[PDB]
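First comes the structure, then the notes that go with it.
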Amino acid sequence: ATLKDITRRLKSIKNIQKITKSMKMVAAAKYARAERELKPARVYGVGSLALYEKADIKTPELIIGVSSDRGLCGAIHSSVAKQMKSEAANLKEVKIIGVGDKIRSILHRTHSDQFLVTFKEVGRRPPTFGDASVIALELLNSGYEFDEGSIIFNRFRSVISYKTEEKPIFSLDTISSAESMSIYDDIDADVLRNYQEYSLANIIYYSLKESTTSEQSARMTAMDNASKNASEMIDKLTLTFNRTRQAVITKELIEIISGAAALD
Amino acid sequence: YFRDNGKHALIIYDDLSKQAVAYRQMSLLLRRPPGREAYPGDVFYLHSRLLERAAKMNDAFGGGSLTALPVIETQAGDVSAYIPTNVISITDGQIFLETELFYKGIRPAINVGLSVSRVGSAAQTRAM
Amino acid sequence: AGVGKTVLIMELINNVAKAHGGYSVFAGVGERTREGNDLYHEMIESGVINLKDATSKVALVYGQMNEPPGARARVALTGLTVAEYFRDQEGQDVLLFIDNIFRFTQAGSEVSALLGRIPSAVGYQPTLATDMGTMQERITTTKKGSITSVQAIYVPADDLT
Amino acid sequence: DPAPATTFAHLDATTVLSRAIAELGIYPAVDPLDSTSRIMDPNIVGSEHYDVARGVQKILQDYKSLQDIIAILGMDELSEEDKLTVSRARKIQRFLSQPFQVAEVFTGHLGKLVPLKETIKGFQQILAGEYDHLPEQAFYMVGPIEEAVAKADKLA
Amino acid sequence: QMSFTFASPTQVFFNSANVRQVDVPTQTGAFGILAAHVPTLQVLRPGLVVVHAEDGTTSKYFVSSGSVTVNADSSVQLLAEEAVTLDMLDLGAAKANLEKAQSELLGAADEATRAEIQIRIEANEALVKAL
């Protein structure tokens, strides 16, 4: 404002700039790694989806948000939020699991009441299979009346793109028993379940990882964004600044003259 | 004198900030034009001549020294202040001290990044 | 500064003014005597200053920070006057290396106050411009030659606006 | 500038423009928050006007707080409702934009004057936010909002 | 042949590779799943993955768990929870763990508790087995 103030401003705007930048590259660092790591994984989770992929097992009849705990640095949370509210009416089961507790925001009210669980420390070292298993594991021991579950997450698509996903969980293991799923062998509701199990993690892992990929990248973007923004402003101000700055000086020197010197 | 007595002197001028104030004050009382930032223009010259008087001399002349440590106490960012600016244009480098750093406990204070010795290596020990 | 700023300059003098047989002037205005000193030997050292030849491709004029501002300022005119000698009289492309045209500027302004003037913006001489104009306008390419002015520019207020 | 500062004392109604707004194309482009008649009052002006005005001044101001934020962010974080109001605020803006006959000549765009009640209604409706779905540009440069409604459809 | 996907979240060994066989100790049993299987789902017992690629080579891994699912079609996906080479698998640990494993077992409890050991026993053993 008064030039000081401007500076006061500026100071911080830079700081911000830096800060924004900090995240930017930082996020990107995390990201940088993260994308690579996606390979076996990608494939892997893509793998997870094997089976339906083939013998597809669908009924006339859960849900589960997946994301980071951290904000909508994309439209991650909101997207699922949307589509899950879209859901909730329709009947699956309205059980939700929110990976990301920024899921638990977007939906968080009677999604203080439609969840089964929600997950946190989502990131802070990119998710790993363990987690997937972890979340899988307790999931198992759940009062899902394992309808048709959905996992809605944002499957990242590319650096600049993600898609809010759903997949359905043949939580009705019986659809998983049914039909075409017959030719299948090791067909026992054992290996069945015990694949469902395994795949719950696999998928979970993946999805989650996608989510997070998305998260890291959108954040990355965001974190750029800001920092150019900063820059611009700095530019804008800075002029106005100087101008006033000197202007100031000038006046006093003005005053100094003929106000304190000529005549005072 | 010492310099000319092949003797090596250290003058610390602490602080020209006050000096300037006085000098202006003086000017003004003398009803004489001061100058930029209300301060006399040739307070630069003043100092210039002063600092021109500090030197590293040919040895032939005893080649003593007068090493000068002027001090200016910032009021922060008002280096822009004419006299600091002056001094900047004069200097052989500046020692920025970072108080913040001091508060961080980082004592020496130094804003090293802005601290500079324009000269560098001739004043440096190979050791160093 | 001193990146071999000077080295480059020295080199420049070398590169053209030797090559194309021009001449150079260095008018060290308001400079540190020390810096002119340093340079001096540096030229000596470079051999561009030759002490065995006063046809060291540069004539040096120094009007360091210890003369009246105007005087230091006027070292600028001086350099000009010489360079004018070499252009017109020596038919040449004189190179006028100036350090710092700023310091000159400040100096002009410096006298103004004392000159009882109202020296305009930033305290700057109102005639800041005229000073500039007239000197700069002295610089050009005459038919006889060129005074190519290479002006070292100090960044007042780290700004140039 | 003190001089205008002074001037103000002699004012009893003011139209303080905003070139700032103007740059945004706008005609009429105002500093709204000092475009006045001192006798701004629900008695003097009807309260409908008044309240609406106070509401308007409010929202727009709030929005005024918000750009700054948005700028230093996006608008995303900022409650979507607010995002809505923000949008509305622009709409209100756009709807304030009033093009003239004499400068259809310039604008290539019709000249307009608006009886007040239709006005109160206008902004009030936008305030009722039902219209909301409709674009800024529908709002831009109109006389009655109705025409804007028309223009919106037409826009669509 | 078969798109044999020998993958692990972390490691894809074969990727839709026209492998002749993988010998494959699902908990179902050890089998020589050959190039282009029948719909079948399999649970991975810890064992070795013996990866008879179409190459004579059969690769060892010891596998912990996961699934290979040997599909209706010719896709075989060993989706190994973790299947690792003996190369990186430390007998020194394994055996040591394993004796211990039973030792611990002795002070273990329920079907599960004992299991934690036993599973391990079983596992570690099957590594020890393997190597």
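Letters A, B, ... go to the chains of the structure tokens in the order shown; residues in each chain start at 1; ligands are counted from 1 in the same order.
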Quiz item: Given a cut-off of 10 Å, which residues of chain B touch chain A, counting only C-alpha atoms, written out as a list in words?
Solution: residues 28, 31, 32, 33, 34, 35, 36, 37, 38 and 39 of chain B
Proximity check chain D to chain A, 9 Å, nearest pairs one decimal Å, only C-alpha atoms, as a Markdown table:
| residue | atom | partner | partner_atom | distance |
| --- | --- | --- | --- | --- |
| D:71 | CA | A:229 | CA | 7.7 |
| D:72 | CA | A:226 | CA | 7.1 |
| D:73 | CA | A:226 | CA | 6.7 |
| D:74 | CA | A:226 | CA | 8.5 |
| D:76 | CA | A:72 | CA | 8.4 |
| D:77 | CA | A:72 | CA | 8.0 |
Quick one: residues within 9 Å of region 5-7 of chain A, only C-alpha atoms, excluding same-chain residues fewer than 5 positions away - as a PDB file with C-alpha atoms, in the first residue's frame?
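The new file out09.pdb reads:
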ATOM      1  CA  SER A  12       5.581 -12.314   1.359  1.00  0.00           C
ATOM      2  CA  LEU A 237       2.945  -4.108  -7.994  1.00  0.00           C
ATOM      3  CA  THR A 238       6.442  -3.412  -8.531  1.00  0.00           C
ATOM      4  CA  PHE A 241       5.691   0.508  -6.131  1.00  0.00           C
TER       5      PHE A 241
END
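Computed from the coordinates, the CA of residue 107 (chain E) to CA of residue 130 (chain E) distance equals 26.4 Å.
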Practice problem: Pick out the closest residue to residue 124 (chain C) from this set: B:90, B:41, B:63, B:4. Count only C-alpha atoms. | Solution: B:41
Practice problem: Would you mind listing what lies within 7 Å of residue 83 (chain C) as a ChimeraX atom specification, with only C-alpha atoms counted and same-chain residues fewer than 3 positions away left out? | Solution: /C:25,79-80,86-87,94,96,147
Residues near residue 55 (chain D), cut-off 12 Å, only C-alpha atoms, skip fewer than 2 positions along chain, as a tab-separated table (two decimals) with N, CA and C atoms, in the first residue's frame:
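Listed below is the output, part.tsv:
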chain	number	residue	atom	x	y	z
D	47	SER	N	-37.25	1.00	0.61
D	47	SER	CA	-36.43	0.08	1.29
D	47	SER	C	-36.05	-1.02	0.43
D	48	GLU	N	-36.86	-1.31	-0.57
D	48	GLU	CA	-36.60	-2.38	-1.47
D	48	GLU	C	-35.32	-2.12	-2.13
D	49	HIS	N	-35.18	-0.94	-2.73
D	49	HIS	CA	-33.99	-0.40	-3.25
D	49	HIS	C	-32.96	-0.49	-2.24
D	50	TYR	N	-33.24	0.08	-1.08
D	50	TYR	CA	-32.24	0.23	-0.11
D	50	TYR	C	-31.57	-1.00	0.31
D	51	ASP	N	-32.37	-1.96	0.67
D	51	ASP	CA	-31.98	-3.19	1.25
D	51	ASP	C	-31.27	-3.97	0.26
D	52	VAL	N	-31.77	-3.87	-0.97
D	52	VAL	CA	-31.25	-4.56	-2.11
D	52	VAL	C	-29.93	-4.02	-2.34
D	53	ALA	N	-29.81	-2.70	-2.25
D	53	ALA	CA	-28.61	-2.00	-2.44
D	53	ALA	C	-27.66	-2.42	-1.39
D	57	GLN	N	-24.27	-4.18	-2.17
D	57	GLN	CA	-23.05	-3.59	-1.74
D	57	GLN	C	-22.37	-4.55	-0.93
D	58	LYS	N	-23.16	-5.29	-0.17
D	58	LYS	CA	-22.55	-6.30	0.53
D	58	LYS	C	-21.94	-7.34	-0.31
D	59	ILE	N	-22.66	-7.99	-1.21
D	59	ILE	CA	-22.14	-9.12	-1.93
D	59	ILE	C	-21.00	-8.80	-2.76
D	60	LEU	N	-21.10	-7.66	-3.40
D	60	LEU	CA	-20.11	-7.23	-4.30
D	60	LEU	C	-18.89	-6.93	-3.58
D	61	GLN	N	-19.02	-6.34	-2.41
D	61	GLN	CA	-17.89	-6.10	-1.58
D	61	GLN	C	-17.23	-7.34	-1.15
D	62	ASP	N	-18.04	-8.34	-0.86
D	62	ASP	CA	-17.54	-9.53	-0.29
D	62	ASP	C	-16.73	-10.20	-1.30
D	63	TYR	N	-17.25	-10.15	-2.51
D	63	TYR	CA	-16.64	-10.57	-3.70
D	63	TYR	C	-15.39	-9.83	-3.91
D	85	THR	N	-21.61	-16.56	-5.79
D	85	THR	CA	-21.91	-15.20	-5.54
D	85	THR	C	-21.02	-14.31	-6.30
D	89	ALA	N	-21.88	-11.81	-8.82
D	89	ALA	CA	-21.41	-10.51	-8.69
D	89	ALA	C	-20.97	-10.03	-9.99
D	92	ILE	N	-23.99	-9.32	-11.95
D	92	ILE	CA	-24.60	-8.16	-11.47
D	92	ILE	C	-23.91	-7.08	-12.15
D	120	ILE	N	-35.06	-2.98	-9.56
D	120	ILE	CA	-34.96	-3.46	-8.20
D	120	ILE	C	-35.10	-4.89	-8.28
D	123	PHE	N	-31.94	-6.95	-9.98
D	123	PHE	CA	-30.87	-7.33	-9.13
D	123	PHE	C	-31.33	-8.26	-8.10
D	124	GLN	N	-32.54	-8.03	-7.62
D	124	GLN	CA	-33.20	-8.82	-6.66
D	124	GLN	C	-33.36	-10.20	-7.15
D	126	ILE	N	-31.43	-11.67	-9.44
D	126	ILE	CA	-30.12	-12.25	-9.51
D	126	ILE	C	-29.73	-12.68	-8.12
D	127	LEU	N	-30.12	-11.87	-7.14
D	127	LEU	CA	-29.98	-12.13	-5.75
D	127	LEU	C	-30.76	-13.36	-5.41
D	128	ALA	N	-31.95	-13.54	-5.97
D	128	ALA	CA	-32.63	-14.78	-5.84
D	128	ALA	C	-31.99	-15.93	-6.60
Report as a tab-separated table: every residue of chain B with an atom at most 10 Å from chain C, its closest pair of atoms, and their distance in Å to one decimal, counting only C-alpha atoms, with rows sorted by chain and ascending residue number.
residue	atom	partner	partner_atom	distance
B:32	CA	C:114	CA	7.7
B:33	CA	C:114	CA	5.7
B:34	CA	C:113	CA	7.5
B:35	CA	C:113	CA	6.5
B:36	CA	C:123	CA	6.0
B:37	CA	C:123	CA	8.6
B:38	CA	C:123	CA	9.8
B:40	CA	C:110	CA	8.3
B:41	CA	C:110	CA	5.2
B:42	CA	C:110	CA	7.1
B:44	CA	C:65	CA	8.7
B:45	CA	C:66	CA	6.0
B:46	CA	C:66	CA	8.1
B:47	CA	C:66	CA	8.8
B:48	CA	C:65	CA	5.7
B:49	CA	C:66	CA	4.8
B:50	CA	C:66	CA	8.5
B:51	CA	C:66	CA	9.2
B:52	CA	C:66	CA	7.1
B:53	CA	C:66	CA	9.4
B:55	CA	C:34	CA	8.1
B:56	CA	C:34	CA	8.9
B:79	CA	C:157	CA	9.4
B:80	CA	C:157	CA	6.6
B:81	CA	C:157	CA	9.7
B:82	CA	C:157	CA	9.8
B:85	CA	C:157	CA	8.0
B:89	CA	C:154	CA	8.8
B:90	CA	C:32	CA	7.3
B:91	CA	C:32	CA	9.1
B:92	CA	C:32	CA	9.6
B:118	CA	C:2	CA	8.1
B:119	CA	C:2	CA	8.8
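Residues of region 71-160 of chain C carrying a DSSP assignment of strand (DSSP E or B), computed from the backbone, are residues 93, 94, 95, 96, 97, 98, 99, 140, 141, 146, 147, 148, 149, 150, 151 and 152 of chain C.
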Can you list every residue of region 188-232 of chain A that has an atom at most 6 Å from region 152-160 of chain A, with its nearest atom pair and the distance in Å to one decimal, using only C-alpha atoms, ordered by chain then number, as CSV?
residue,atom,partner,partner_atom,distance
A:210,CA,A:155,CA,4.7
A:211,CA,A:154,CA,4.7
A:214,CA,A:156,CA,4.9
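Take CA of residue 170 (chain A) and CA of residue 48 (chain A): the distance between them is 12.7 Å.
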Self-check item: Within 12 Å of region 86-103 of chain E using only C-alpha atoms, minus same-chain residues under 6 positions, as a ChimeraX atom specification
Solution: /E:47-50,59-64,114-131
Exercise. For region 136-144 of chain D, work out the shell of residues within 6 Å, counting only C-alpha atoms and skipping chain neighbours fewer than 3 positions away, then give it as a PyMOL selection string.
Key: chain D and resi 91+94-95+97-99+112-114+147-148+151-152
Self-check item: Those of chain B in DSSP alpha helix (DSSP H), formatted as a PyMOL selection string
Solution: chain B and resi 16-29+42-52+82-90+99-103
Residues from last step as file, N, CA, C and O atoms, as a short mmCIF file (atom, residue, chain, number, x, y, z; two decimals), in the first residue's frame:
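Contents of result_14.cif, as written:
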data_model
loop_
_atom_site.label_atom_id
_atom_site.label_comp_id
_atom_site.auth_asym_id
_atom_site.auth_seq_id
_atom_site.Cartn_x
_atom_site.Cartn_y
_atom_site.Cartn_z
N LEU B 16 29.36 6.37 9.87
CA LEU B 16 29.15 7.44 8.97
C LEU B 16 27.74 7.83 8.89
O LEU B 16 27.39 8.86 8.35
N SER B 17 26.86 6.97 9.38
CA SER B 17 25.47 7.26 9.38
C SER B 17 25.26 8.45 10.22
O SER B 17 24.60 9.40 9.85
N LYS B 18 25.89 8.44 11.39
CA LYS B 18 25.78 9.54 12.27
C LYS B 18 26.48 10.71 11.75
O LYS B 18 26.14 11.84 12.06
N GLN B 19 27.55 10.47 11.02
CA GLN B 19 28.31 11.55 10.53
C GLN B 19 27.54 12.37 9.59
O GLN B 19 27.52 13.59 9.66
N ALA B 20 26.88 11.68 8.67
CA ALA B 20 26.10 12.25 7.63
C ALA B 20 25.06 13.11 8.19
O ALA B 20 24.79 14.19 7.70
N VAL B 21 24.43 12.60 9.26
CA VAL B 21 23.35 13.29 9.87
C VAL B 21 23.81 14.60 10.31
O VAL B 21 23.15 15.60 10.08
N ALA B 22 24.98 14.57 10.95
CA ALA B 22 25.57 15.73 11.45
C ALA B 22 25.91 16.63 10.36
O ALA B 22 25.67 17.81 10.46
N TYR B 23 26.51 16.13 9.31
CA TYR B 23 26.93 16.95 8.24
C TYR B 23 25.86 17.66 7.54
O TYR B 23 25.99 18.81 7.17
N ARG B 24 24.74 16.99 7.35
CA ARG B 24 23.63 17.63 6.76
C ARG B 24 23.15 18.73 7.54
O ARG B 24 22.84 19.79 7.04
N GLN B 25 23.00 18.41 8.81
CA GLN B 25 22.50 19.20 9.87
C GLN B 25 23.27 20.44 9.83
O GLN B 25 22.72 21.52 9.75
N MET B 26 24.57 20.30 9.74
CA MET B 26 25.49 21.34 9.57
C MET B 26 25.18 22.15 8.38
O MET B 26 25.10 23.36 8.46
N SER B 27 25.01 21.54 7.23
CA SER B 27 24.74 22.23 6.01
C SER B 27 23.64 23.13 6.07
O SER B 27 23.66 24.22 5.54
N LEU B 28 22.61 22.59 6.69
CA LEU B 28 21.35 23.18 6.76
C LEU B 28 21.46 24.32 7.62
O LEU B 28 20.83 25.33 7.38
N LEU B 29 22.27 24.19 8.67
CA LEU B 29 22.43 25.27 9.54
C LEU B 29 23.18 26.30 8.86
O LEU B 29 22.94 27.48 9.04
N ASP B 42 27.98 16.27 -1.66
CA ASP B 42 29.38 16.06 -1.52
C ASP B 42 29.70 15.60 -0.21
O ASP B 42 30.86 15.49 0.10
N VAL B 43 28.69 15.07 0.49
CA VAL B 43 28.95 14.27 1.64
C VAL B 43 29.42 12.98 1.07
O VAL B 43 29.98 12.14 1.75
N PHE B 44 29.14 12.75 -0.21
CA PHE B 44 29.63 11.60 -0.85
C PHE B 44 31.00 11.89 -1.06
O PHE B 44 31.82 11.09 -0.70
N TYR B 45 31.28 13.01 -1.70
CA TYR B 45 32.60 13.38 -1.97
C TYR B 45 33.42 13.40 -0.77
O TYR B 45 34.56 13.02 -0.76
N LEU B 46 32.85 13.85 0.32
CA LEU B 46 33.35 13.89 1.63
C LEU B 46 33.93 12.66 2.01
O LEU B 46 35.01 12.53 2.53
N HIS B 47 33.13 11.67 1.80
CA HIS B 47 33.51 10.41 2.24
C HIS B 47 34.38 9.86 1.24
O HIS B 47 35.16 8.98 1.51
N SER B 48 34.21 10.27 0.00
CA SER B 48 34.94 9.70 -1.05
C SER B 48 36.33 10.01 -0.88
O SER B 48 37.16 9.15 -0.96
N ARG B 49 36.61 11.26 -0.58
CA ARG B 49 37.89 11.78 -0.35
C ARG B 49 38.39 11.14 0.87
O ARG B 49 39.55 10.81 0.95
N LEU B 50 37.52 10.89 1.85
CA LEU B 50 37.93 10.22 3.01
C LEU B 50 38.43 8.86 2.73
O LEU B 50 39.43 8.43 3.27
N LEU B 51 37.70 8.12 1.93
CA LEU B 51 37.97 6.74 1.72
C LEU B 51 39.02 6.55 0.73
O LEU B 51 39.72 5.55 0.75
N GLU B 52 39.19 7.53 -0.16
CA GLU B 52 40.25 7.57 -1.12
C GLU B 52 41.54 7.69 -0.37
O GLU B 52 42.55 7.13 -0.75
N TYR B 82 20.72 7.23 0.48
CA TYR B 82 21.52 7.88 -0.46
C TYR B 82 22.82 7.54 0.00
O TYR B 82 23.57 6.96 -0.74
N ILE B 83 23.12 7.79 1.25
CA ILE B 83 24.42 7.53 1.73
C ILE B 83 24.70 6.10 1.65
O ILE B 83 25.76 5.82 1.14
N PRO B 84 23.93 5.14 2.01
CA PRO B 84 24.33 3.81 1.78
C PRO B 84 24.55 3.56 0.38
O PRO B 84 25.53 2.95 0.06
N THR B 85 23.69 4.02 -0.49
CA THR B 85 23.90 3.87 -1.88
C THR B 85 25.22 4.36 -2.30
O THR B 85 25.90 3.72 -3.07
N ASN B 86 25.64 5.49 -1.77
CA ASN B 86 26.88 6.14 -2.00
C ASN B 86 27.92 5.20 -1.74
O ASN B 86 28.82 4.95 -2.50
N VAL B 87 27.82 4.69 -0.54
CA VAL B 87 28.82 3.92 0.03
C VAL B 87 28.92 2.70 -0.77
O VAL B 87 29.99 2.21 -1.01
N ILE B 88 27.81 2.17 -1.21
CA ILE B 88 27.80 1.03 -2.03
C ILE B 88 28.56 1.26 -3.26
O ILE B 88 29.38 0.47 -3.66
N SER B 89 28.37 2.41 -3.85
CA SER B 89 29.08 2.72 -5.03
C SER B 89 30.51 2.90 -4.75
O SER B 89 31.32 2.83 -5.65
N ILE B 90 30.86 3.19 -3.51
CA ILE B 90 32.23 3.33 -3.18
C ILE B 90 32.90 2.04 -2.86
O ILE B 90 34.05 1.82 -3.22
N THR B 99 20.49 -10.34 11.30
CA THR B 99 19.97 -10.24 12.60
C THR B 99 19.01 -11.33 12.86
O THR B 99 19.05 -11.97 13.89
N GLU B 100 18.16 -11.62 11.89
CA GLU B 100 17.23 -12.67 11.90
C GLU B 100 17.94 -13.90 12.20
O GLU B 100 17.52 -14.71 12.99
N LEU B 101 19.06 -14.10 11.52
CA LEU B 101 19.86 -15.24 11.67
C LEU B 101 20.34 -15.28 13.00
O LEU B 101 20.17 -16.28 13.64
N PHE B 102 20.82 -14.17 13.52
CA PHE B 102 21.18 -14.02 14.88
C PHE B 102 20.12 -14.53 15.78
O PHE B 102 20.46 -15.18 16.75
N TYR B 103 18.83 -14.26 15.49
CA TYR B 103 17.69 -14.59 16.32
C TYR B 103 17.40 -16.03 16.29
O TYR B 103 17.10 -16.67 17.31
#
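Any residue of chain A with an atom within 7 Å of chain E counts; using only C-alpha atoms, that gives residues 40, 41, 44, 183, 184, 185, 186, 187, 191, 194, 195 and 198 of chain A.
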Quiz prompt | Pairwise distance for CA of residue 93 (chain C) and CA of residue 18 (chain C), rounded to one decimal in Å | solution = 11.1 Å
